[PDB]
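Participant: Here's a structure for you.
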Amino acid sequence: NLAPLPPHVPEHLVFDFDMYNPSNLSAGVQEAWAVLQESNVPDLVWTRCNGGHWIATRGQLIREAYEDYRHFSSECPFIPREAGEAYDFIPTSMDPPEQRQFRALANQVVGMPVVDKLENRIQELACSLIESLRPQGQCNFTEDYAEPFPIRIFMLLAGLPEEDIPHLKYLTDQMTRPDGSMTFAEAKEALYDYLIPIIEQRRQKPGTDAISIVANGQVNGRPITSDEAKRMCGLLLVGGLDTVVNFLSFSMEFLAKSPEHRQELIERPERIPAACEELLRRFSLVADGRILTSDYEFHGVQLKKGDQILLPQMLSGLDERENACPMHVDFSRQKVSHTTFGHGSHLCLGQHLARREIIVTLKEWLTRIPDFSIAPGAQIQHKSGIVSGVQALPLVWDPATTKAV
Ligand code: HEM
Ligand SMILES: CC1(C)[C@@H]2CC[C@@]1(C)C(=O)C2
Ligand SMILES: [K+]
Ligand SMILES: [K+]
Ligand SMILES: [K+]
Ligand SMILES: [K+]
């Protein structure tokens, strides 16, 4: 059942776009937003779907709503208000510039050095998985690589055993996409019931893990509370078991169908850092938003307090006004223009671990396993959300193409 239209919204901006069922879904769950960038479609639109909300269709308009953060807040980013109200993650839901000490702590809970602490562990684990798969001609990559590679790095970084993985990979996904079982409030309170005997354990005995940096950070003249250690852990926990796992999945949902894009990285290994950056332009899996904090003037219209706007990453990523060659793919980037880390005050503070993980994966797959596709019969079903997903990724290859490394 679509919403009524508010009294302050005029009909010429109406598009009844649905966030969780995007209108051109069969193109890929980032390209399936591209229809919003047709010529007749303004820079700003409103929909009646999902309780009714603005959508910013272009990279400039998106970034101009990350730059007026003093009017556009992340205290509610989830366009389903029942999940936006429940949300409270750190740094992101705290107001800058007085956020500053929470994010400085984040940037020493995870930073370029931590990638140097796990890099050989990254390496040998991509090597040992991709040696285990090398001659096997098939796998379901969402489960035979993408979930157990980075999660067995993030768990070991945080100091948690492997045996909680399907219980935390259950909860993360229940927060990030609407399955139906748990609300965000439910899945969050269940996460926190599980993690606060662990954060308390990190107060009783600190250790060489990241949660023992989260729990003992000093901020605004005081300790970081459990109230706030649990909320900063929720972010990281969405970070290392959903954004980097689904991104991995999408990256091969492209190289699967792409014989030349694979060859380009075989002839020239020095495109592998630039191909991740274009993969982060292209397969920018996120559908973020923000709430209006005052009544405010935008794009020729007045917006009201308690209004919510979607600012989709892939509508910077694909936009002809930002990015040269945006539907076609090539890896020769010197520069690129997109929001798959946010903007201005917000900046992804974890994804440099995933950069070296994907780039290890890229450089150590295209050797052992150079030529490959998705299983025949298999159709890939894509899941839209505040972070987007897929159902399952069954890859195939001939054992006789494959190289011992
Ligand atoms: C490649 C996969 C990932 C992508 C696509 C991604 C995307 C993003 C985006 C778009 C932001 C800003 C959101 C906002 O404006 O509120 C963000 C925030 C953040 N990310 Fe990532 N990220 C990824 C992986 C990770 C990893 C693996 C971690 C965990 C170590 C992580 C932790 C963070 C942190 C701590 C923030 C908060 C930054 C802030 O407050 O400015 N991210 N990331
Ligand atoms: C983890 C995210 C980057 C994703 C979009 C904004 C964010 C902070 C969320 O809460 C979901
Ligand atoms: K267009
Ligand atoms: K500003
Ligand atoms: K298997
Ligand atoms: K699994």
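Each reported figure results from applying straightforward, stated rules to the coordinates on display, with no laboratory input. Note that we place each Cβ from the backbone using ideal geometry, even for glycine, and neighbour counts take in every protein chain shown.
Participant: Which of these, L160, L349, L285, has the largest mean-square fluctuation under a Gaussian network model of the chain (Cα springs below 10 Å)?
Facilitator: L160
Participant: Sticking with this one: Set the bar at 24 Å for Cα to Cα. Now go through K117/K383; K230/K383; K205/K230; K117/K205; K257/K383; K257/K403 and name every pair that lies beyond it.
Facilitator: From the list (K117/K383; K230/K383; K205/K230; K117/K205; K257/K383; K257/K403), the Cα-Cα distance tops 24 Å for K117/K383; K230/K383.
Participant: Sticking with this structure for a sec: Grab the other residues whose beta carbon is less than 11 angstrom from that of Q174, score K and R as +1, D and E as -1, and report the net.
Facilitator: -1
Participant: Relative to the present Cα-Cα distance, how much length would full extension add between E320 and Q201 at 0.36 nm per residue of separation?
Facilitator: Roughly 37.8 nm would be gained on extension.
Participant: Within the chain, which is the longest segment that contains none of the GluC sites (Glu not before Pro) sitting in a DSSP loop with at most 16 other Cβ atoms within 10 Å?
Facilitator: The segment 99-319 is the longest one with no such site.
Participant: Could you give the Stokes-Einstein D for the chain in µm² per second, using the C-alpha Kirkwood radius, 25 °C, 0.890 mPa s?
Facilitator: 111
Participant: Based on the Cβ-Cβ distance from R121 to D68, what FRET efficiency comes out when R0 is 56 Å, to the nearest 0.05?
Facilitator: 0.85
Participant: Let me ask another. Taking H placed 1.01 Å from N in the peptide plane, check which residues at least 5 places from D18 or on another chain put their amide H under 5 Å from its amide H.
Facilitator: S23
Participant: Grab the Cα-Cα distance for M327 and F341, subtract it from 0.36 nm times how many residues apart they are, and report the gain in nm with one decimal.
Facilitator: 3.0 nm
Participant: For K363, give me every one of the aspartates and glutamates with a C-alpha distance below 15 angstrom, ignoring sequence neighbours fewer than eight places off in its own chain.
Facilitator: Within the straight-line cut-off, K363 pairs with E119, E124, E131, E264, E267, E270, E277, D371.
Participant: Can I ask one more? Could you derive backbone 3J(HN,Hα) for segment 295-311 from the dihedral phi with the Karplus parameters 6.51, -1.76 and 1.60 (θ = phi - 60°), listing whole Hz in sequence and x where the residue is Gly or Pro?
Facilitator: 6, 9, 9, 9, 6, x, 9, 8, 9, 10, 4, x, 4, 9, 10, 8, 10
Participant: Separate question: Please state the charge dipole magnitude for the chain, taken about the Cα centre, from unit charges on C-beta atoms (+1 on K and R, -1 on D and E), reported in debye and rounded to the nearest 20.
Facilitator: In debye, rounded to 20, the chain gives about 780.
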